[PDB]
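Novice: Chains from the complex, first installment, not repositioned:
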Amino acid sequence: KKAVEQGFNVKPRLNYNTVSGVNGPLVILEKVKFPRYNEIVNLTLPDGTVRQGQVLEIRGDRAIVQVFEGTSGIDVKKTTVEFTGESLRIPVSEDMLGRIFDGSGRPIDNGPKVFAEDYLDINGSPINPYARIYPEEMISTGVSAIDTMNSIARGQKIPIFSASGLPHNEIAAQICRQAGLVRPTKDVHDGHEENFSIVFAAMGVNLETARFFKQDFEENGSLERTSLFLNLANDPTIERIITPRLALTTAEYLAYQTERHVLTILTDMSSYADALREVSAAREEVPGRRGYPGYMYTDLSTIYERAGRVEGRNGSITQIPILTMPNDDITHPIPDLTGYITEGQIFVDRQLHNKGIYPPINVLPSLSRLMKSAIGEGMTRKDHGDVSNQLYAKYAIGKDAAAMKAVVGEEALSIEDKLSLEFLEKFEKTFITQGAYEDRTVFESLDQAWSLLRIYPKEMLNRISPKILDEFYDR
């Protein structure tokens, strides 16, 4: 039976007209009756404006309410702050798929409030380490550079490292439009037996991009599988901390309380870290390294590690947390910590983007640690692993031989290196280079990879096992 009948009790909310002090984004109350630590408040301005705030610290009968949407206008005499009795909690239901939500959980589209199945708490709870199970099958992303040789497994949490101005913010839209299991591609049985979904989460996106996301998911068919959590750059930063927690709570719902898989996207976690700096400095904490709070790693992990398959429940959350390289250096705390928690990295490279390539995925540094789980006979074709290995090897050969073309001249390169230059040109221009709206099935992308590797004679494909060459090279 459903034990949700406990929600019928009404809890009257106290309404304090005792905002004694105001300091930056904080307001300080007094004579408060048992102020809960983390507790959303409906802070009323003198003119009547409701302005949500979150309690940030308590001391006896004083609660330091942190106020969203700035603080200007909050006086000491007329403002009245009302304590909702519980911390912020998203209203969840199996039919939010197709709602573009604001940063703070309110639907920003023209639709109505979600007919909540449950009011799940935001922070959720850590997943029992004994209850995890290893990522197994591919979660195809439609991007040729990512699907074949940077593959993503159901449960992996692999980021897309990105420079400041690179189109990563469009690769996110491409993935969210084209993501999906390979079971429909397998065509051996009903691939829609276990549904798929996505919970996009844009953080710190400027309006010229948030509107692009909304338009590009509405216009294409991706909305009926997506819960787009948009918060703007000028939306309150506390909502910017909230949004990834919101999206991961929705993902945990959709993936464990229901059964459908989900490929959650966290756009520009660097902006989330920027907002976390503001929260840390609001609490008067001293800055840790680089200005980010010392507990950066804890509040990044408490986002990333809310993903992975689960023993018993069939669903699985796949993270692709996109983040902007602050100054294009791995040594920066945010890329470093994310690569220290996540299962790999998928670079987007300025050098390739300046050549006009799209996507500008840089394969040489990008790697998926647990790719080998999502590659094999059962999921994708059996040649996928060796095709990936050989493509990476020949790309490295092509890159260094392109470096040597200017040193030893073109004519003095071994025939392997000449074929490798030809392969690198065709590779970067036809395989990595993918139309923004071109959905390439992993089987189709492997077919292109084979049509690209058959430049070389069978003997020069040393990386591929002969049992695969003897049946895939010629076709």
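Specialist: Cool, the structure landed. Numbering: from 1, shown residues only, chains lettered A, B, ... in the order given.

Novice: Pull out the buried positions in stretch A:369-383.
Specialist: Buried residues in stretch A:369-383, counted by 16 or more other Cβ atoms under 10 Å: A:370-371, A:373-375, A:379-383. Where C-beta positions appear, they are placed from N, C-alpha and C, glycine not excepted.

Novice: Centre of the chain to that stretch, how far?
Specialist: Centroid separation for stretch A:369-383 versus its chain: 22 Å, with Cα atoms, centre = their mean, to the nearest Å.

Novice: close enough to count as contact, residue A:340 and residue A:301?
Specialist: No. Using Cβ atoms under 8 Å, residue A:340 is not in contact with residue A:301; the gap is 9.1 Å.

Novice: of the two, who's got more company?
Specialist: residue A:301 (17 against 12; other Cβ atoms under 10 Å).

Novice: mind checking how far the residue nearest to the more buried one when sequence neighbours are not counted is from residue A:302?
Specialist: Using Cβ to Cβ, 6 or more residues apart in numbering and skipping the chain neighbours, the partner closest in space to residue A:301 is residue A:341 (5.2 Å). Noted for residue A:341: a distance of 10 Å to residue A:302, by Cβ to Cβ, to the nearest Å.

Novice: swap in residue A:230?
Specialist: Taking Cβ to Cβ, one finds residue A:230 at 22 Å from residue A:302.

Novice: same deal with residue A:256?
Specialist: 17 Å.

Novice: CA atoms of stretch A:86-94 as PDB?
Specialist: The C-alpha atoms that make up stretch A:86-94 are tabulated as PDB, following Å, rounded to 0.1, in the frame of the first residue of the first chain:
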ATOM      1  CA  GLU A  86      10.800  21.600   5.800                       C
ATOM      2  CA  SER A  87      13.900  22.000   3.700                       C
ATOM      3  CA  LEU A  88      13.600  22.500   0.000                       C
ATOM      4  CA  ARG A  89      12.200  19.400  -1.700                       C
ATOM      5  CA  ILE A  90      11.400  18.900  -5.400                       C
ATOM      6  CA  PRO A  91       7.900  17.600  -6.300                       C
ATOM      7  CA  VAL A  92       8.600  14.500  -8.500                       C
ATOM      8  CA  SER A  93       6.400  12.500 -10.700                       C
ATOM      9  CA  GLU A  94       6.900  10.100 -13.600                       C
END
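
Novice: Can you give me the buried ones in it?
Specialist: Across stretch A:86-94, burial judged by 16+ other Cβ under 10 Å covers A:88-90, A:92-93.

Novice: Now do the strands in the stretch 151-300 of chain A.
Specialist: With strands called from DSSP state E, counting those that start in this stretch, the stretch 151-300 of chain A shows them at A:160-162, A:180-181, A:200-205, A:229-232, A:262-267.

Novice: Can you spell out which helices and strands pack onto the fourth one?
Specialist: When contacts are defined as 3 or more Cβ pairs under 8 Å, 6 or more residues apart in numbering; DSSP states H and E, strand A:229-232 sits against strand A:200-205, helix A:207-219, helix A:237-252.

Novice: and what of the third one?
Specialist: Helices and strands in packing contact with strand A:200-205 are listed as helix A:168-178, helix A:207-219, strand A:229-232, helix A:237-252, strand A:262-267, helix A:269-282; criterion 3+ Cβ pairs under 8 Å, 6+ apart.

Novice: list the contacts for the closest residue to residue A:134 other than its chain neighbours?
Specialist: Excluding the flanking residues, the one nearest residue A:134 by Cβ to Cβ, 6+ apart is residue A:373, at 6.5 Å. Contacts for residue A:373 (Cβ atoms under 8 Å, 6 or more residues apart in numbering) come out as A:134-136, A:153.

Novice: Chain B should join the structure above:
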Amino acid sequence: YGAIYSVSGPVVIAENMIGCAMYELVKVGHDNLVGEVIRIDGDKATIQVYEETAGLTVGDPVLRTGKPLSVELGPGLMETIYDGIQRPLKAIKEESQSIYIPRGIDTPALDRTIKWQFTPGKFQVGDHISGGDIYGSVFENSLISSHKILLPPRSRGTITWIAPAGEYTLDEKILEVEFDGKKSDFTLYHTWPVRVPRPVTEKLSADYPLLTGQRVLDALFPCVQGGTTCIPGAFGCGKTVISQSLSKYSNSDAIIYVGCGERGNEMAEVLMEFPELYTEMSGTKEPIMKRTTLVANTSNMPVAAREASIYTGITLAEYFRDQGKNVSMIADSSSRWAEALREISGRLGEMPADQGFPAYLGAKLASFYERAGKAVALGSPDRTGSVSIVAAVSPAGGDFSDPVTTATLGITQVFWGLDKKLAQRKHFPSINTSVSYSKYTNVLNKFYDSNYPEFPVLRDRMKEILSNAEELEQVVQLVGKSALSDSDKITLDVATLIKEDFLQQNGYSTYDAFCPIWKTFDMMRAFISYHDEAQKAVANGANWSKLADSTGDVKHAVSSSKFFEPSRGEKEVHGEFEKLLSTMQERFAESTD
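Specialist: Chain B now in position relative to the chains above:
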């Protein structure tokens, strides 16, 4: 008792809280979140709550416990999986069916319901007892036949009532001793402040090799049971073979795998492997999980759990040392534990002193590694144990310069030094013999000269020829192979044979999954004798190529020497190796003509 007076993130300042010692675990809030008193001022103590404090309210009772962070030692601890602060991660999943760990869950660290068979020891009623005295053995499981319980090291007196043989749960008041007239009852389990080492009578000098079973490890770069170890824990290097060979083949009578803040999928992989690893000796079918406990932590476990992960691991290891079992921790990614220390220091406001790490990182690492060492257990009977810490280091960016890895390299005697390049070439176990130093080679002479007399000089010769070949590869790069002398070509060929058929161990086949010390020594003798016979018969005879082509069968024999079945028996294998050496000598004598 005391009520919450302030909350700010994780810190929670109680009030009217007189009577709480520093570092005393206090249950916070109505949900009984576990927090430790990090600072006490007057009557109010700044509690540092582990779990999320999203719900705490001024006035919520905080109840003392009177114990610092204490692991719960006793039977039933052998098989289970624990988080940082010893919450059983199976009972939590079973009683609270949800995938998650509920906030403030308090399932007992040891299964209370299981009834353990208990057979009392030689200590009768009225016999004076001391801390650490074995007053009974409990049949835990078929692989730990006698989990010898023992009185807590900080208890002593006269036994007033001892329970007869029978089946008892952990709350059955097994023994009651009297000291100063104050009776105190003891159960099958006892708790111990994790941050203070379990005392010993005498901490001996560890001088018995920890036979990991890998050929390169036991041969060239040995570790002594009771000694420490460092490992590059970076992805793809091949840490799996090290951990699985330690937990699967080594002579350790128990293993405490402890994973600090490892990525969630890494811990999922470990928790799915360890149940399906089996031990060929001590029976045939017993899985290693019957003798190893796992302190697992996904990266989102509470930061204090990750910071206390290695401490709880080492206290469990010390417990299984005090029973006389050569337990051996495998601390995975100690750098994540250093990250946990960094976060605790920064959040506490303690001033960073080296690349952000706290000032006491060096002292804490030194102490934690010093809790190693073969030691004579406390009390009587006086069985000796040993704890070995094989602690991997995985720095932030593979820099191998941050203070945690520098401290571990300074303190850990042996650094087995995995390598990525050796793994991409599929040269398992991927040990980089250039840097993998081992300062336990000297103390092990007392063991070698006892029963493998030629081993030390033999490994010195093997290492020197290997280093000579590594140096001479540069000369081969500079100038053509022909420019090398005959002796140099001998060195290169023999060291290539080494790298291909002595260090490179399949590990998955039945013949070389476990390379015992005697087989490793006999292979070492065969290889070094091959180099010596080639060297002599060339320095006093014909060109190297002619002998090599003429004695290619001998080289094939020494190469196939890796295939000799360890299960064939030590005597049979040694006789076979002697036959191989004799045929060797006669074949080189023939080809010398």
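
Novice: since we added chain B, can you redo the nearest residue to residue A:301?
Specialist: In space, and not counting its chain neighbours, residue A:301 is closest to residue B:299: 3.9 Å by Cβ to Cβ, 6 or more residues apart in numbering or on different chains.

Novice: Now for that neighbour: which residues touch it?
Specialist: A:297, A:301, A:304-305, A:341, B:261-264, B:306, B:336 (Cβ atoms under 8 Å, 6 or more residues apart in numbering or on different chains).

Novice: how about a cut-off of 10 Å?
Specialist: By Cβ atoms under 10 Å, 6 or more residues apart in numbering or on different chains, the contact set of residue B:299 is A:126, A:129, A:297-298, A:300-302, A:304-305, A:340-342, B:260-264, B:266-267, B:306, B:336, B:339-340.

Novice: what's the distance between it and residue A:426?
Specialist: Using Cβ to Cβ, one gets 41 Å for the distance from residue B:299 to residue A:426.

Novice: One more: residue B:10?
Specialist: According to Cβ to Cβ, residue B:10 stands 55 Å off from residue A:426.

Novice: Run the chain-centre distance for stretch B:9-27.
Specialist: Using Cα atoms, centre = their mean, the mean C-alpha position of stretch B:9-27 is found 34 Å from that of the whole chain.

Novice: Tell me which stretches of the stretch 351-475 of chain A form helices.
Specialist: Under the criterion DSSP state H, counting those that start in this stretch, the stretch 351-475 of chain A contains helices at A:384-404, A:415-426, A:442-453, A:466-472.

Novice: Just want to know which of residue B:10 and residue A:426 has more residues nearby.
Specialist: residue B:10 (22 against 15; other Cβ atoms under 10 Å in any protein chain shown).

Novice: residue contacts, residue 31?
Specialist: You didn't pick a chain, so chain A it is. A:16, A:18, A:20, A:60-62.

Novice: Correction: the question concerned chain B.
Specialist: Here residue B:31 is in contact with B:51, B:55-56, B:60, B:102-106 (criterion: Cβ under 10 Å, 6+ apart).

Novice: Assign a three-state SS to residue A:27, would you?
Specialist: Secondary structure state of residue A:27, per DSSP: H, G, I helix; E, B strand; the rest coil, is strand.

Novice: what residues are up against it?
Specialist: For residue A:27, the contact set (Cβ under 10 Å, 6+ apart) comprises A:19-21, A:41, A:43, A:51, A:53, A:56, A:63-67, A:71, A:74, A:76, A:79, A:81.

Novice: Please, a ChimeraX command that selects the buried ones among those?
Specialist: In ChimeraX, this line selects whichever of the contacts of residue A:27 come out buried by 16 or more other Cβ atoms under 10 Å in any protein chain shown:
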select /A:19,41,43,51,53,56,63,64,65,66,67,71,74,79,81
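
Novice: out of the contacts of residue A:27, who's near chain B?
Specialist: Counting by Cβ under 10 Å from any Cβ of the partner chain, A:56, A:63-64 from the contacts of residue A:27 sit close to chain B.

Novice: Going by distance to residue B:466, which of the residues you listed wins?
Specialist: Of all the ones next to chain B among the contacts of residue A:27, residue A:56 has the smallest distance to residue B:466: 61.5 Å, by Cβ to Cβ.

Novice: Please identify the helix or strand for that closest one.
Specialist: strand A:50-59 (DSSP states H and E).

Novice: of all of the stretch 251-400 of chain B, which residue lies closest to chain A?
Specialist: residue B:346 (2.5 Å; Cβ to the nearest Cβ).

Novice: burial of that residue, as a residue count?
Specialist: Neighbour count of residue B:346, defined by other Cβ under 10 Å: 23.

Novice: which residues sit in contact with it?
Specialist: Residue B:346 sits next to A:285-289, A:293-296, B:352, B:356-358 when contact means Cβ under 10 Å, 6+ apart.
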